[PDB]
Protein chains: 2
Amino acid sequence: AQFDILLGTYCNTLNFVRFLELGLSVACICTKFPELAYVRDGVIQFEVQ
Amino acid sequence: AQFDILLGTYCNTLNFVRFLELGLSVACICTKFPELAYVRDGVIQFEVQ
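- In terms of determination method and resolution, the entry is listed under cryo-EM at 3.70 Å.

- Per the PDB entry, chain A carries the name Major capsid protein and comes from Human alphaherpesvirus 3.
- The record deposited in the PDB is entitled "C-hexon capsomer of the VZV B-Capsid".

Shown next as structure tokens:
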């Protein structure tokens with residue numbers, strides 16, 4: 001009465017990372033812009049006295 | 001008179017150990033299996049992403 005037995009399957013669950021909860025999120029100012037593919041150039045100006 | 005005397009017999013008893021009460025029992029997950037001599041090959045499985 002020889003027989004093979006399966007004793008169980010183990011599968012891990014991935015943990016998802018949100019960017020805001022990282023400490024690196026304080027080094028940038030994120031902002032959404034859907035029409036970014038149409039942008040030729042983008043100008044940002046400074047006036048320092 | 002000239003008698004001989006026996007001044008007592010000393011006998012010790014054993015100290016029984018159980019495997020679970022040892023701290024080594026934490027490193028295994030014991031399970032009874034009466035039909036173990038009939039097992040030809042047992043397998044475990046993993047699915048890791």
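Quick notes on the pattern of salt bridges
Thought 1: If you walk through the whole model with that rule in mind, you get two salt bridges over all chains.
Thought 2: Across the pair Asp4(A) and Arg40(B) runs a salt bridge, and its minimum N-O distance is 2.5 Å. Pair noted here: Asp4(A) is in strand β1 (residues 3-11) and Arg40(B) is in strand β1 (residues 39-47), and the two residues belong to different chains.
Thought 3: Taking the relative accessible area as the measure of exposure, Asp4(A) reaches 44% and is therefore partly exposed.
Thought 4: The closest approach of N and O atoms between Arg18(A) and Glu21(A), which form a salt bridge, is 3.6 Å.

Focus: a nonpolar patch on the surface
Thought 1: Nonpolar side chains collect at one region of the surface, where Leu7(A), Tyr10(A), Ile44(B), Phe46(B) and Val48(B) lie side by side and expose about 560 Å² of accessible area between them.
Thought 2: For the nonpolar patch, the elements supplying multiple residues, two or more each, are β1 of chain A together with β1 of chain B.
Thought 3: Structurally, the position occupied by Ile44(B) is in strand β1.

Some thoughts on the side chain of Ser25(A)
Thought 1: Topologically, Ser25(A) is positioned in the segment after β1.
Thought 2: If we ignore the near neighbours within four places in the chain, the residues touching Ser25(A) are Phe19(A) and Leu20(A).

Description of the interface of chain A and chain B
Thought 1: Contacts between chain A and chain B engage 13 residues on the former and 15 residues on the latter.
Thought 2: Both sides together, the interface formed by chain A and chain B hides about 1,400 Å², and carbon and sulfur atoms give 52% of it.
Thought 3: Put simply, chain A and chain B have one salt bridge between them.
Thought 4: Counted by class, the side of chain A that touches chain B contains eight nonpolar, four polar and one charged residues.

Parameters at a glance
Residues numbered from 1 in each chain as written, not as in the entry; some residues may be left out. Chains lettered and ligands numbered in written order. Part of a larger assembly, values for the part shown. Heavy atoms only, no water. Salt bridge = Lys/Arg side-chain N within 4 Å of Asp/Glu carboxyl O. Helix = DSSP H or I, 4+ residues; strand = E, 2+ residues; numbered from the N terminus. Buried < 20%, exposed > 50% of the residue type's maximum accessible area, 1.4 Å probe, protein only. Patch = residues over 30% accessible without salt bridge, like charges linked within 9 Å, V, L, I, M, F, W, Y side chains within 5 Å. Areas by Shrake-Rupley, 256 points an atom, 1.4 Å probe, with all protein chains shown as cover. Contact = heavy atoms within 4.5 Å. Buried area = accessible area lost by both parts, 1.4 Å probe. Nonpolar A, V, L, I, M, F, W, Y, C, P; charged D, E, K, R; others polar.

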